[PDB]
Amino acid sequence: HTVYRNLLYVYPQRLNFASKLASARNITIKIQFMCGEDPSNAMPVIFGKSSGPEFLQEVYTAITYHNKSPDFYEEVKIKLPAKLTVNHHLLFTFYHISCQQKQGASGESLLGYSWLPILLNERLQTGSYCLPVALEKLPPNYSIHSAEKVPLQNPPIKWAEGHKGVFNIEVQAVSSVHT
């Protein structure tokens, strides 16, 4: 089966938290390609590891290199919808293990979110990005703005490290034949 598709490739590269604490290590990142802001708006567009191909609404990754080959890179491959609009965005959810929970629990919990609108200022958002992390939850209409500059919300947004960019990714669109 020879097919041709326009694909988005997303490389989660580095997560540079200043925190020296254990809660800054073993971060899991959930990645989704959204068509809206509701949890039900994750599109089944991420190529899975199995043959088919099988398409996923989310993938989970960890961006550490100590346990990987030196040649390793995480690559999220997405089948772009034929018409991309300002409502489409990458959504990243960060999970960690909070130091000292109730009853000494060690489970994983929500740390925060980041995102990247695929179209912004009438431009496709490819290239290198260093994104901040919003804590707790996301406000309505987050997705039409860059995470670097979101209008004042009520209740107000809180950001990791006082809004510093900490999450490095690379994004590229490639149209090619696949056999």
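All residue numbers are counted from 1 along the displayed sequence.
Stretches 111 to 119 and 60 to 68 differ in mean C-alpha B factor, with the higher average recorded for 60 to 68.
Taking the PDB entry as given, 21 to 29 carries the higher mean Cα B factor of the two stretches 164 to 172 and 21 to 29. Listed residues 150, 45, 34, 138 were ranked by CA B-factor as deposited; 150 comes out on top.
Out of 78, 84, 99, 90, it is 99 whose C-alpha atom has the highest B-factor in the PDB entry. When the CA B factors of the chain's modelled residues are split into thirds, the value for residue 125 lands in the middle one.
For residue 41, the recorded CA B-factor ranks within the lowest third of the chain. Only modelled residues enter the ranking.
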